[PDB]
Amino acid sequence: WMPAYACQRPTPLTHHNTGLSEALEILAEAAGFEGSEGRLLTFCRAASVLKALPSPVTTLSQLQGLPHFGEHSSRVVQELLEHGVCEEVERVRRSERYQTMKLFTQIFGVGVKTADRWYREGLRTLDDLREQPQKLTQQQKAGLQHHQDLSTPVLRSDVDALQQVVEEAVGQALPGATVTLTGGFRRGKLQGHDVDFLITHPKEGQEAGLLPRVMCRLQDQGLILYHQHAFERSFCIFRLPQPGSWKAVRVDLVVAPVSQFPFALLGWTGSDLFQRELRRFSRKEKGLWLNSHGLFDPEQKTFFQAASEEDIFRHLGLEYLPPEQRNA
């Protein structure tokens, strides 16, 4: 009754099993820190199944038949239901390894492989990194410089102000170009770690070269603290004005041709797990290859022409889910 892929079922933002899902997500995160993407995926999928249930799980029995629940995930839920705590989860939480890998991977520009190397070298704190700036890329230096602000959740007021300044720069760069808010905010979240914008133009090809012109206009207005610079994606840090001051905010900008807009909108709206599951479903169940540019039939060697996200869902044989039900 519970479909196996997250893209086959609605997942609302508010759900009924946060305690259980948070515990499984700890184990998922720790599996990633140890280099097991497969165990990460299973524990994420099991946590996501719980977010899709209509009611709180109160008894072991209620897991029977659910996909992605086997002996390990079931034992974790068992222990939480019976004792309010799972020893394995608590051991991970309080481990030096987990706490330090979380601290380091939370830096913009630092992933698991980098964090693990630094951990093996004996580094433990952000101060330790700042004292060895030779080990840092320019992206990491920016992430570390602005780490305090980047740890502060971005709210909706920040989004609306950011969208106004992005729209102004986009309109100055190319008349008729548009800006669409994507990411978690489009799914209905009230906070995020960054703001995501998708930029296009209704006339195919007019958007070529647009992102450098936007970035230059934002940089000239003093709004850019960091960006990597032809390009179509920018993972930036913006100097966002605040009353009497400013704060650093992570902003992602993507430019796509309008032919690709539905695919880019779907991909960048997420969630991360929802999109990996949708791409897996497409390839493994339907034989079609999905990305943020298109949906390819490798036997006909043709791309599906979609005018909306709904068209993509329909072509994949899936019930349509609005963004606020993609919170897998």
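One-based numbering along the sequence shown.
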Quiz item: What size is the break between residue 229 and residue 230 in terms of deposited sequence residues left without coordinates: none, 1 to 3, 4 to 9, or 10 or more?
Solution: 10 or more
Quiz prompt | Entry-level comparison of average CA B-factors, 75 to 83 and 197 to 205, reporting the higher stretch | solution = 75 to 83
Quiz prompt | Of 110 to 118 and 219 to 227, the stretch whose C-alpha atoms average the higher B-factor in the entry | solution = 219 to 227
Quiz prompt | Top residue by Cα temperature factor, when 265, 60, 50, 41 are compared in the entry | solution = 60
Quiz item: Between 192, 212, 188, 133, where does the Cα B-factor run highest in the record?
Solution: 133
Quiz item: Which third of the chain does residue 328 land in by C-alpha B-factor: lowest, middle or highest?
Solution: lowest
Quiz item: Sorting the chain's CA B-factors, does residue 177 end up in the lowest, middle or highest third?
Solution: middle
Self-check item: Relative C-alpha B-factor of residue 2, binned into the chain's lowest, middle or highest third
Solution: highest
Exercise. Just say lowest, middle or highest third for the CA B-factor of residue 66 relative to the other modelled residues in its chain.
Key: highest
Exercise. Would you please rank residue 287 by its C-alpha temperature factor against the other modelled residues of its chain and give the third it falls in: lowest, middle or highest?
Key: middle
